[PDB]
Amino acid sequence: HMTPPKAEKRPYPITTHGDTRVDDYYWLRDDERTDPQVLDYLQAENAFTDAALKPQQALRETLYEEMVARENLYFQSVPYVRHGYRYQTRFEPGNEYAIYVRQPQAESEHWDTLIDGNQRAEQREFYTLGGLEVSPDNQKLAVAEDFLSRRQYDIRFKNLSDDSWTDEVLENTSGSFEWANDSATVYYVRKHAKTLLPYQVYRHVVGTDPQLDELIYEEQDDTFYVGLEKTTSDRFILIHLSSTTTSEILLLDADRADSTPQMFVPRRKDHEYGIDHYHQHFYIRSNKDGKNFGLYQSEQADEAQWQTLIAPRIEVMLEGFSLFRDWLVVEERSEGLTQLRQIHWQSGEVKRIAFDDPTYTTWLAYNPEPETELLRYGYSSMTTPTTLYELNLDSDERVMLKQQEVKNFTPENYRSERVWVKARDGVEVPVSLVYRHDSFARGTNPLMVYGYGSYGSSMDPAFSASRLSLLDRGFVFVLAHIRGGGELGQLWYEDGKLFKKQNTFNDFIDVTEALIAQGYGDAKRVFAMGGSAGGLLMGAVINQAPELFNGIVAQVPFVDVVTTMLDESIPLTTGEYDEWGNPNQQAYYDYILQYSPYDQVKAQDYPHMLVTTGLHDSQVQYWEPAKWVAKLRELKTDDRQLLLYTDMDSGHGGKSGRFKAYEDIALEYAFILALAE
């Protein structure tokens, strides 16, 4: 039926390594966001998407309604105790924002309001709370708020004795701050006024003019993120400096005045470490001796005196650790499973936390007090809604503290499996899938295959309430744990980045082909979805294996890879040479160009596709998906659906942000379910 929008072609040559690429849609990039022709193309595409998807309005209403109907009792958090006060977060129906309350630990009956986001948001266009922490003496509240939607945080201070606010505001911060043990001095991170990268640590005295703040540290390499931490012992504030590959920590005495940063271990390329301090020792998670990390104990900074607690192991990735009175607890990955292990400081007794599920995730939860035998940990699986457990590290007593509530849901209606796929290079790739039992018939069900596959980020198997909208309409939902993710540890990541990035796309295709061959789904009704670096996945896979998928959802997709990675004026580019490579080197130009989806669009049949972008935010700049759709409309030889949906909003936040998230999922799922009919 309808004629889609046709972006004007303005041939723009880019020559690198003597190779000229002609980009007809280079002009859709407008950093200033004013070009009226660029806006007219984005708006034209939105109007086309609106028109093409109009008949799906009734289904979108049905999905949105059943998705919101799964949630509510609006929400109260599990209380935690920190420094003799109990804290709870409360969401009431008819409140856009959380209210944070507290009470003395020995009190039951009465709760004091700490901060009411609904009150803070009054007469504002936007509100995001980026951090909250009461001073050690329980008298002052530090808050990091964004009222402007640019992820620049204002820090303010409330006197809890009379609910008065101090006069000063700390502006353009990362929201990262720590209290000195005097409850009078805070350290915070200032962002660069141009790049907005966190780069400076300041000391502030609460109540005083931020003009008087002292510059403590400034980072020279803006590939290194500046964060603040405080040790379990409260003895040190840490300046944590880190790039994607390299760390450095500086220590600030949290007890004494006029502290200056004390070097821990000087930065060394490909040495990532993090520290804590407790029981008069430094504890260090470090890859100095192996990619899967080890845990060390030290009395001093000197790397040479670091004692091995847990050696790096090829078969086990060490992700993190928590320190308690009698126990070390570590979070690890082995054989495609997350695992928790505890080791007694005195006896060396080792215990594993046991589960019984093929496709779950477990993690260390919030544990703000170390003088306890009670560990809080999280659990989720494809069939079991997210749960918070409390485990007695000594007795092994395991108690549920909170379960995600899911209305209209019977868990025994669903089944899940772990599947291992031998990839084309003979490497075993894990897969996690779930489906509704009573509608399952081998070879007949639509498949939805979800992947990410970058940065060592894992698509860990966990519960989704929205996913029930597909499962209850006969879909088999698949997580493909492809290389470039972290499911099999650091080497799984490294075997899907830089000169191995093609393994990410190959693994996704290999998993999909295997599941169809094995009878998990209908070969004619295979769908896929991914976002951001998962959108790069979508883009590469449809160029390489266009007949495999019926339909695709590509969210905010990274697709103009070579052109973006040649231009440091784009946010992210200078931080992403250690992910994709630096195409200013011919070896990386050639390797990336081979999969760069925008470059590799060809005159061939593609699947149906819905593409999303956002004008006023980004992460991937809005122009990449818009150029990509323009080029696909020019070249593709099929008559299938191709739609671009651009988020025009000034921004979101609070329950209306959750409203928007459900609307978007309902629009994407209606698109897919319409194709599966």
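One-based numbering along the sequence shown. C-alpha atoms forming the largest set that superposes within 1.5 Å between two forms make up the rigid core.
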{"query": "More variable segment, 548 to 556 or 124 to 132 [Cα RMS over structures in 6 other deposited structures of this protein, core-superposed]", "finding": "124 to 132"}
{"query": "Positional deviation of Cα atoms in 6 other deposited structures of this protein after core superposition, greater for 9 to 17 or 651 to 659", "finding": "651 to 659"}
{"query": "Selected stretch [higher average CA B-factor]: 356 to 364 or 573 to 581", "finding": "573 to 581"}
{"query": "Residue range whose averaged C-alpha B-factor is higher in the record, 519 to 527 or 243 to 251", "finding": "243 to 251"}
{"query": "Residue with maximal Cα B-factor (values as given in the PDB entry) among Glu45, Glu61, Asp30, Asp638", "finding": "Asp30"}
{"query": "Most elevated Cα B-factor in the entry, residues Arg190, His277, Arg436, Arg341", "finding": "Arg190"}
{"query": "Modelled-residue ranking by C-alpha temperature factor, third containing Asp649", "finding": "highest"}
{"query": "Position of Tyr622 among the chain's modelled residues by C-alpha B-factor, lowest, middle or highest third", "finding": "highest"}
{"query": "Third of the chain's Cα B-factor distribution that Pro261 belongs to, per the entry", "finding": "highest"}
{"query": "For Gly94, the third of its chain into which the C-alpha B factor falls", "finding": "highest"}
{"query": "Chain-relative CA temperature factor third for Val22", "finding": "highest"}
